[PDB]
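Structure first, commentary second.
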Amino acid sequence: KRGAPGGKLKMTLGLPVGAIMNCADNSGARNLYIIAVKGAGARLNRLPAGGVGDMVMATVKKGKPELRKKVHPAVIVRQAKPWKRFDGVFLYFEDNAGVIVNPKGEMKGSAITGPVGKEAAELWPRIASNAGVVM
Amino acid sequence: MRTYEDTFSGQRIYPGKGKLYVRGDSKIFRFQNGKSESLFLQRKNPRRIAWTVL
Amino acid sequence: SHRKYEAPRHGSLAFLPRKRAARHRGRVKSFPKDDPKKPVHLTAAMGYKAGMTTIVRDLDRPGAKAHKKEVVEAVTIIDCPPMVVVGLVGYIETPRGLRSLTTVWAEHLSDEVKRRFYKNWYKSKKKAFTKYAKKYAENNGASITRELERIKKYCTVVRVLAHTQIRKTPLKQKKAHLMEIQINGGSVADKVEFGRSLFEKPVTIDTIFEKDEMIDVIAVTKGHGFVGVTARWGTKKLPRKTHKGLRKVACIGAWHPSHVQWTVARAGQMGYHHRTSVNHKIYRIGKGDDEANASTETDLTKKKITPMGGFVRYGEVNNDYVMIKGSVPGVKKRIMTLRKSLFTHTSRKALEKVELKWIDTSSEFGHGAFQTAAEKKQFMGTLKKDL
RNA sequence: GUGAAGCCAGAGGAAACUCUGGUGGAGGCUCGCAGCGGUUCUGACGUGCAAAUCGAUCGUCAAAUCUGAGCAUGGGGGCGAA
RNA sequence: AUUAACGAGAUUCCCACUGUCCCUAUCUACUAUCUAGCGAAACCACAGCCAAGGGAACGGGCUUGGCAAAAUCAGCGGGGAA
RNA sequence: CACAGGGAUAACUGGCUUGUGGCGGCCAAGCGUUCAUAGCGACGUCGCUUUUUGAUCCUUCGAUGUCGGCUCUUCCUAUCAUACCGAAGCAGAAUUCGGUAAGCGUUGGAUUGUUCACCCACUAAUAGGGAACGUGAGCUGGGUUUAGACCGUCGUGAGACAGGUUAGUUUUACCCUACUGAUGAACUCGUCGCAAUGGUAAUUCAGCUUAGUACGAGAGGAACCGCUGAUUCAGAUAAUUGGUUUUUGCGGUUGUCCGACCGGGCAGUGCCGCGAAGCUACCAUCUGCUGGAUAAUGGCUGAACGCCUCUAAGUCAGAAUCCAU
């Protein structure tokens, strides 16, 4: 089946195609270059975009040479644009980060550095079992 | 429902107002308006601002 | 040749004639279908719009993500001073439509309604219904009771004439508003008997509507002077290096259609149109005499719904009011019209029973921080002006 | 702004000659005002202020640089870093 | 065939930067707009609503139909094969 | 480079024809485990279209602005996806052929001036065409197609090349009509109402459950209701969050001027921090209804034809269709 989370409530989409975010695990990569979004629709002239919690197709631009020149799935874990939940509070992190995952959902790495958003933790069980502080 | 206090100035915060900030070192800051956070991100000392509770 | 890449059209042709509304007051076009087994009841109301505020409540929607948790929603406040009944009308069925054949008025009319029939009231003689009033107390009002008997005989629907008491609001205007409200009830004899008994009496909004009911709002939207295509319809802007303007439409038609067609976006007037927004919900009906109408079951503070410093560009609400979820068309001070719904609701979301938990009463003139004046005094301390 | 020949003082070496600090002020060298020119926006205007102008941005600026008045070359002829 | 320095010469890539773009929003000055005074030019067979037909093979005027109500203001760029 | 002329004569549209290009039929030798027609079809033969290219030279040479892209509206069906159905060498899943149907959609990027093409990725799907080969007083000027210059082949030479390369001015609307909005004479001035005709709007997917169930030796592996969300579109609104600053509102500071302090001028808004009000954003919030008549198809009673048959008379159900609310 195609990879797109179900039950995701609407939130502001902070990062479009072409954004470069940081990497937050010990896989060996240092940055991620975004090229597609899994749940994207069709509309003339409109760039696809994604937010915290949805899966993204990305390539690495700086890291171990074994990992370069390929295309990997990835999941965003924190974004730098404010957004609000149903509780009415606006919040935002300091930077953009993501992790490399299997298409099924398993993480390639073993540990996560820094905080993670609450929505990303709930949707993907594997990331929740590995992260530390949430929100 | 509960109320919080601004970290920088100590003003009362009611639901739906202000913002919430999470730093790289996993520290949590709360603000009540735009004046507080603009001074906080400017690296100002709250002990030298005359109208703060502290 | 064909269009290269496909795209949907801009705007909608349903609301096509984009001209200023013919009348300032909103107009109701249809009424709920009549049922002769219900008790007689009115089906409309009318009031003035004060402003908006924020509430907090917990959600009851099984299977949802936010189930049994607090949510924050926006609401709207409508001022609703009582109305006065003035008369009633009857209609008959004809092969060309409906038409009215009779109408009767009450003996005494207030100076509020009489202002409506004049354009220069100050220098007039105010002789509006002087000769009509003598029809009472003349042959024991024999002429009046004949017309009432006619409606019981030839009519099928009956409406009532009512007006507002604008003198009980902070508005500068003194001219009242008049409209017709249809009576849906058991029988034609019951309709006229109920309507006639209400002459020169006040009716409150709590008798018409009740809590958590799904209603419709009809009004006239906010106006803008004269706008271009980019903002009126929402078309893409032209490149930066365009000569002779870049906020236009590049091509407005082909050659042998040979005329500019009615389906092409063009500049003109925007706003001040008549609109009908449906499916709004009522959270609370507050009484004006109560001095703690803005309190809830968990928040026991004794306060009224008026914010600190009063609503911006409006006075304060001292009469009854209704709280409506969401937004409604119309600017502040404008007259609104309320109508019972035409649909049937079995969605399990419109059947929810709402109970509030907190109501915001902070100042909307700035970054307000306190609810009441007593609470502010305790936190702030004592000041120099307090002597 | 950079600092060419010439000159002064000290040090090393058997010798031939070599190092270090100052002095000096060369070049169809360089940044950059006035003057002279006219690359881009394919900007303004395009029955214009104007039968070639206006604004911002640009090239050169002590030398094959800019310029006034007097005199010479006259149509199959003149003059031309073309 | 190579080539240091130089170039308002042609081309490809990287860092910094940004409303070029996703996707648009707001503010200021002078016009456009209304008034008093002054006051031109291009152009013009007669003129000015459409569908089909036939015709010099793409009609505002002909034939058959649709239709059709004084006098007017601000914009617009489909047509008058302007 | 010039003059007198030519639509008696070419390069672009339009017109007739359709060889070539595209699309659709008829006959049945054979292929298809065996069996012409589930799905195909040799040798032959009958047609349609004007988005390919030719043939012709009727209309324009006292001029109809000649490639491509951007923007925006509408129409055609030879149907890519969606609704409901008929067939199979259709167990399930996945596929192939056909009917009613144009209501609603059909994308983001690397290289090329490209039309055309080719790869990466998303998606229910990335179908094909017309409107003077739609669209320059709408834009752009990369290509072609004036004058400068370079190379290769050809010419004794001036010079030639549908061979390559670099730089090259894009004018006017105030008139008529058309379109979008705004006033308005006559029957006294007003308030409250009816509705002829014209317009019309929504769209698709995913998760949970049904269920590791039906089906099958196994491998594999569905659907109706119900619940909750999301994509594209439309109409409003500003309680909260973000943007805008001539509120020149308060504060900080450089140069100069009023003898110093206080308070001020000038530097077309000197500059910086915060900034109410107003406007505003799928960068923010709210909302988007159900009756009638049918097409394809599957049926009932029932003759013509003593049997049979959905049709001949009559009649039932029925689609994102049509007409109304």
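The way I read the labels, and the way they are meant: chains A, B, ... in the order of the structure tokens, residue 1 as the first residue of every chain, and ligand 1 as the first ligand shown, with later ones counted on from there.
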
Shell of 10 Å around residue 98 of chain A, only C-alpha atoms (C1' of nucleotides), local chain residues under 3 positions omitted, as an mmCIF file with C-alpha atoms, in the first residue's frame:
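The resulting file, around_7.cif, is shown below:
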```cif
data_model
loop_
_atom_site.group_PDB
_atom_site.id
_atom_site.type_symbol
_atom_site.label_atom_id
_atom_site.label_comp_id
_atom_site.auth_asym_id
_atom_site.auth_seq_id
_atom_site.Cartn_x
_atom_site.Cartn_y
_atom_site.Cartn_z
ATOM 1 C CA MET A 21 16.383 19.991 6.813
ATOM 2 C CA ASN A 22 18.691 18.482 9.418
ATOM 3 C CA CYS A 23 19.013 14.817 10.380
ATOM 4 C CA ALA A 24 18.357 13.695 13.939
ATOM 5 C CA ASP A 25 19.695 10.146 14.307
ATOM 6 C CA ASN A 31 21.146 16.795 5.964
ATOM 7 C CA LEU A 32 18.101 15.830 3.902
ATOM 8 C CA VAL A 52 5.360 17.419 11.051
ATOM 9 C CA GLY A 53 4.226 13.798 10.974
ATOM 10 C CA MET A 55 6.263 10.863 5.136
ATOM 11 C CA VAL A 56 8.584 12.480 2.600
ATOM 12 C CA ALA A 74 11.771 10.084 5.632
ATOM 13 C CA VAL A 75 9.511 11.449 8.373
ATOM 14 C CA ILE A 76 9.562 15.032 9.671
ATOM 15 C CA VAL A 77 9.801 15.438 13.444
ATOM 16 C CA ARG A 78 9.885 19.209 14.103
ATOM 17 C CA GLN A 79 9.279 22.388 12.100
ATOM 18 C CA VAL A 101 12.759 5.161 7.775
ATOM 19 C CA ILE A 112 16.893 10.255 18.406
ATOM 20 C CA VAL A 116 10.035 15.553 18.912
#
```

Which residues of chain B come within 10 Å of chain A, and for each one, what is the closest pair of atoms and their distance in Å to one decimal, counting only C-alpha atoms, sorted by chain and residue number, as CSV?
```
residue,atom,partner,partner_atom,distance
B:15,CA,A:88,CA,7.3
B:16,CA,A:88,CA,4.9
B:17,CA,A:89,CA,7.2
B:18,CA,A:90,CA,7.5
B:19,CA,A:90,CA,5.2
B:20,CA,A:91,CA,4.5
B:21,CA,A:91,CA,5.8
B:22,CA,A:93,CA,5.2
B:23,CA,A:94,CA,5.8
B:24,CA,A:94,CA,6.2
B:25,CA,A:114,CA,7.1
B:26,CA,A:115,CA,6.1
B:27,CA,A:115,CA,9.6
B:28,CA,A:135,CA,8.9
B:30,CA,A:91,CA,9.4
```

| request: Go through C:271, C:239, C:330, C:225 one by one, measure the shortest atom-to-atom distance of each to chain E using only C-alpha atoms (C1' of nucleotides), and give the residue with the smallest value. | output: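 So, comparing all the options, the nearest one is C:239.
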
| field | chain A contacts to chain F at 10 Å (only C-alpha atoms (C1' of nucleotides)) as a ChimeraX atom specification | value | /A:4-14,17,35-48,57,81-84,88-91

Okay, now the selection with N, CA and C atoms, as an mmCIF file, in the first residue's frame?
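In the end it all went to again.cif:
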```cif
data_model
loop_
_atom_site.group_PDB
_atom_site.id
_atom_site.type_symbol
_atom_site.label_atom_id
_atom_site.label_comp_id
_atom_site.auth_asym_id
_atom_site.auth_seq_id
_atom_site.Cartn_x
_atom_site.Cartn_y
_atom_site.Cartn_z
ATOM 1 N N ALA A 4 0.914 6.784 3.576
ATOM 2 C CA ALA A 4 0.407 8.059 4.035
ATOM 3 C C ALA A 4 -0.376 7.804 5.313
ATOM 4 N N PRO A 5 -0.083 8.525 6.392
ATOM 5 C CA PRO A 5 -0.772 8.268 7.660
ATOM 6 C C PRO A 5 -2.258 8.581 7.571
ATOM 7 N N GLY A 6 -3.044 7.831 8.333
ATOM 8 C CA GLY A 6 -4.491 7.992 8.369
ATOM 9 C C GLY A 6 -4.907 8.630 9.683
ATOM 10 N N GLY A 7 -5.924 9.484 9.619
ATOM 11 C CA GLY A 7 -6.386 10.181 10.801
ATOM 12 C C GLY A 7 -5.631 11.445 11.146
ATOM 13 N N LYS A 8 -4.769 11.934 10.260
ATOM 14 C CA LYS A 8 -3.990 13.134 10.542
ATOM 15 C C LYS A 8 -4.870 14.374 10.433
ATOM 16 N N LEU A 9 -5.005 15.108 11.536
ATOM 17 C CA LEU A 9 -5.749 16.356 11.508
ATOM 18 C C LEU A 9 -4.956 17.441 10.783
ATOM 19 N N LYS A 10 -5.685 18.414 10.241
ATOM 20 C CA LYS A 10 -5.060 19.448 9.430
ATOM 21 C C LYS A 10 -4.198 20.364 10.285
ATOM 22 N N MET A 11 -3.030 20.714 9.756
ATOM 23 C CA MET A 11 -2.123 21.648 10.401
ATOM 24 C C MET A 11 -1.403 22.439 9.322
ATOM 25 N N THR A 12 -0.812 23.559 9.728
ATOM 26 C CA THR A 12 -0.063 24.383 8.790
ATOM 27 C C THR A 12 1.127 23.608 8.239
ATOM 28 N N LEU A 13 1.321 23.689 6.925
ATOM 29 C CA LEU A 13 2.389 22.980 6.226
ATOM 30 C C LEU A 13 3.580 23.913 6.045
ATOM 31 N N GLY A 14 4.659 23.635 6.771
ATOM 32 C CA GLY A 14 5.786 24.537 6.875
ATOM 33 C C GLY A 14 6.903 24.365 5.870
ATOM 34 N N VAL A 17 8.616 21.456 -1.371
ATOM 35 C CA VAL A 17 9.666 20.776 -2.118
ATOM 36 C C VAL A 17 10.849 21.712 -2.321
ATOM 37 N N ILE A 35 12.243 16.150 -2.062
ATOM 38 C CA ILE A 35 11.887 16.146 -3.478
ATOM 39 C C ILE A 35 10.426 15.820 -3.731
ATOM 40 N N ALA A 36 9.686 15.283 -2.765
ATOM 41 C CA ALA A 36 8.304 14.889 -2.996
ATOM 42 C C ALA A 36 7.591 14.778 -1.658
ATOM 43 N N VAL A 37 6.262 14.729 -1.722
ATOM 44 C CA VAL A 37 5.414 14.501 -0.558
ATOM 45 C C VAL A 37 4.394 13.433 -0.923
ATOM 46 N N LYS A 38 4.181 12.482 -0.012
ATOM 47 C CA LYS A 38 3.433 11.277 -0.360
ATOM 48 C C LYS A 38 1.954 11.568 -0.591
ATOM 49 N N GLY A 39 1.356 12.429 0.224
ATOM 50 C CA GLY A 39 -0.076 12.643 0.135
ATOM 51 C C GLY A 39 -0.478 13.786 -0.772
ATOM 52 N N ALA A 40 0.437 14.216 -1.635
ATOM 53 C CA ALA A 40 0.208 15.404 -2.445
ATOM 54 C C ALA A 40 -0.915 15.173 -3.447
ATOM 55 N N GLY A 41 -1.696 16.221 -3.695
ATOM 56 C CA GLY A 41 -2.733 16.205 -4.699
ATOM 57 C C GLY A 41 -2.262 16.783 -6.016
ATOM 58 N N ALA A 42 -3.226 17.187 -6.840
ATOM 59 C CA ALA A 42 -2.951 17.730 -8.163
ATOM 60 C C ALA A 42 -3.556 19.120 -8.276
ATOM 61 N N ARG A 43 -2.733 20.092 -8.663
ATOM 62 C CA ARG A 43 -3.204 21.448 -8.912
ATOM 63 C C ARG A 43 -2.118 22.213 -9.652
ATOM 64 N N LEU A 44 -2.528 22.968 -10.667
ATOM 65 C CA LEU A 44 -1.580 23.663 -11.527
ATOM 66 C C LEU A 44 -0.788 24.697 -10.736
ATOM 67 N N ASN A 45 0.532 24.701 -10.935
ATOM 68 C CA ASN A 45 1.485 25.690 -10.434
ATOM 69 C C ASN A 45 1.722 25.626 -8.929
ATOM 70 N N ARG A 46 1.058 24.737 -8.198
ATOM 71 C CA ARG A 46 1.144 24.705 -6.742
ATOM 72 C C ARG A 46 2.195 23.690 -6.311
ATOM 73 N N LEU A 47 3.212 24.161 -5.598
ATOM 74 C CA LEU A 47 4.253 23.274 -5.102
ATOM 75 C C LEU A 47 3.711 22.388 -3.983
ATOM 76 N N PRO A 48 4.077 21.110 -3.960
ATOM 77 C CA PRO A 48 3.701 20.260 -2.827
ATOM 78 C C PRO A 48 4.438 20.670 -1.562
ATOM 79 N N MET A 57 9.744 11.832 0.569
ATOM 80 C CA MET A 57 10.807 11.219 -0.213
ATOM 81 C C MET A 57 11.971 12.201 -0.282
ATOM 82 N N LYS A 81 7.824 26.639 11.882
ATOM 83 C CA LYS A 81 6.710 27.554 11.687
ATOM 84 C C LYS A 81 5.618 27.287 12.707
ATOM 85 N N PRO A 82 5.077 28.324 13.346
ATOM 86 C CA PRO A 82 4.045 28.107 14.364
ATOM 87 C C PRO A 82 2.817 27.415 13.793
ATOM 88 N N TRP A 83 2.211 26.571 14.624
ATOM 89 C CA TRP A 83 0.960 25.907 14.294
ATOM 90 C C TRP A 83 0.223 25.603 15.587
ATOM 91 N N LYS A 84 -1.086 25.406 15.473
ATOM 92 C CA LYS A 84 -1.937 25.218 16.636
ATOM 93 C C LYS A 84 -2.682 23.895 16.549
ATOM 94 N N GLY A 88 -5.916 25.216 21.060
ATOM 95 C CA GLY A 88 -5.848 26.650 20.883
ATOM 96 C C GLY A 88 -4.495 27.287 21.109
ATOM 97 N N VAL A 89 -3.474 26.513 21.459
ATOM 98 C CA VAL A 89 -2.150 27.045 21.770
ATOM 99 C C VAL A 89 -1.273 26.947 20.532
ATOM 100 N N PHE A 90 -0.610 28.047 20.189
ATOM 101 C CA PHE A 90 0.370 28.058 19.114
ATOM 102 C C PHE A 90 1.746 27.718 19.666
ATOM 103 N N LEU A 91 2.501 26.919 18.913
ATOM 104 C CA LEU A 91 3.831 26.514 19.343
ATOM 105 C C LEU A 91 4.704 26.301 18.118
#
```

Wanna dump the chain D-chain C contacts at 12 Å for me, each residue with its shortest atom pair and the distance in Å to one decimal, counting only C-alpha atoms (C1' of nucleotides), ordered by chain and number, as CSV?
```
residue,atom,partner,partner_atom,distance
D:41,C1',C:241,CA,10.1
D:42,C1',C:241,CA,10.6
D:43,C1',C:241,CA,9.8
D:44,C1',C:243,CA,11.8
```

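With only C-alpha atoms taken into account, chain C has residues 4, 5, 6, 7, 8, 54, 55, 56, 57, 58, 59, 63, 64, 65, 66, 67, 69, 70, 71, 72, 73, 74 and 236 of chain C at most 12 Å from chain A.
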
| request: Identify all chain B residues at most 12 Å from chain C by counting only C-alpha atoms; ligands do not count. Present them as a PyMOL selection string. | output: chain B and resi 1-6+10-18+32-35+51-53

| Between atom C1' of residue 119 of chain F and atom CA of residue 64 of chain A, distance in Å (one decimal) |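 Between these atoms lies a distance of 26.6 Å.
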
When the cut-off is 12 Å and we count only C-alpha atoms (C1' of nucleotides), which residues of chain E are near chain A, given as a PDB file with N, CA and C atoms (P, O5', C5', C4', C3', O3' and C1' of nucleotides), in the first residue's frame?
```pdb
ATOM      1  P     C E  21       7.019  36.646  -9.151  1.00  0.00           P
ATOM      2  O5'   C E  21       7.070  35.096  -8.780  1.00  0.00           O
ATOM      3  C5'   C E  21       6.818  34.094  -9.753  1.00  0.00           C
ATOM      4  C4'   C E  21       7.013  32.707  -9.189  1.00  0.00           C
ATOM      5  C3'   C E  21       6.000  32.264  -8.145  1.00  0.00           C
ATOM      6  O3'   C E  21       4.789  31.797  -8.717  1.00  0.00           O
ATOM      7  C1'   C E  21       8.185  31.768  -7.386  1.00  0.00           C
ATOM      8  P     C E  22       3.401  31.960  -7.922  1.00  0.00           P
ATOM      9  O5'   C E  22       3.422  30.796  -6.838  1.00  0.00           O
ATOM     10  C5'   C E  22       3.173  29.450  -7.212  1.00  0.00           C
ATOM     11  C4'   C E  22       3.259  28.521  -6.028  1.00  0.00           C
ATOM     12  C3'   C E  22       2.274  28.738  -4.893  1.00  0.00           C
ATOM     13  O3'   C E  22       1.025  28.127  -5.173  1.00  0.00           O
ATOM     14  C1'   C E  22       4.463  28.420  -4.025  1.00  0.00           C
ATOM     15  P     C E  23      -0.339  28.670  -4.525  1.00  0.00           P
ATOM     16  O5'   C E  23      -0.386  30.199  -4.953  1.00  0.00           O
ATOM     17  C5'   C E  23      -1.547  30.986  -4.723  1.00  0.00           C
ATOM     18  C4'   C E  23      -1.195  32.428  -4.461  1.00  0.00           C
ATOM     19  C3'   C E  23      -0.028  32.968  -5.277  1.00  0.00           C
ATOM     20  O3'   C E  23      -0.257  34.348  -5.550  1.00  0.00           O
ATOM     21  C1'   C E  23       0.496  33.083  -2.972  1.00  0.00           C
TER      22        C E  23
END
```

| request: Output as a PyMOL selection string all residues of segment 112-156 of chain C that backbone DSSP marks as alpha helix (DSSP H). | output: chain C and resi 112-114+130-133+142-154

With C-alpha atoms retained, write the just-selected residues as a compact mmCIF listing (two decimals), in the first residue's frame.
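selection.txt written:
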```txt
# COMPACT_ATOMS: atom_id res chain seq x y z
CA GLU C 112 -41.18 54.51 16.45
CA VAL C 113 -43.21 52.95 13.63
CA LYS C 114 -44.72 56.28 12.56
CA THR C 130 -55.36 59.50 12.54
CA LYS C 131 -58.39 58.80 10.34
CA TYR C 132 -57.97 55.02 10.61
CA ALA C 133 -58.12 55.08 14.42
CA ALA C 142 -68.23 47.01 13.23
CA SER C 143 -65.92 47.63 10.27
CA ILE C 144 -62.93 45.93 11.93
CA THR C 145 -64.70 42.69 12.86
CA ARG C 146 -65.88 42.27 9.26
CA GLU C 147 -62.34 42.04 7.87
CA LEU C 148 -61.29 39.51 10.50
CA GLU C 149 -64.24 37.34 9.49
CA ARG C 150 -63.12 37.55 5.85
CA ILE C 151 -59.66 36.11 6.56
CA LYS C 152 -61.22 33.17 8.42
CA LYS C 153 -63.21 32.45 5.24
CA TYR C 154 -61.01 32.98 2.17
```

| message | Counting only C-alpha atoms (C1' of nucleotides), which residue out of F:265, F:7, F:92, F:25 sits closest to residue 216 of chain F? | response |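 Nearest candidate to residue 216 of chain F out of F:265, F:7, F:92, F:25: F:92.
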
| So how far away is atom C1' of residue 139 of chain F from atom CA of residue 237 of chain C, in Å? |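 So the two atoms, atom CA of residue 237 of chain C and atom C1' of residue 139 of chain F, lie 11.9 Å apart.
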
| request: For residue 301 of chain F, work out the shell of residues within 12 Å, counting only C-alpha atoms (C1' of nucleotides) and skipping chain neighbours fewer than 3 positions away, then give it as a list in words. | output: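 Neighbouring residues, sequence-local ones excluded: residues 310, 311, 313, 314, 315 and 316 of chain F.
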
| Expected answer as a VMD selection string: strand (DSSP E or B) residues in segment 180-387 of chain C | chain C and resid 180 to 184 199 202 to 203 214 to 220 223 to 227 268 to 271 274 to 286 320 to 325 335 to 340 358 to 359
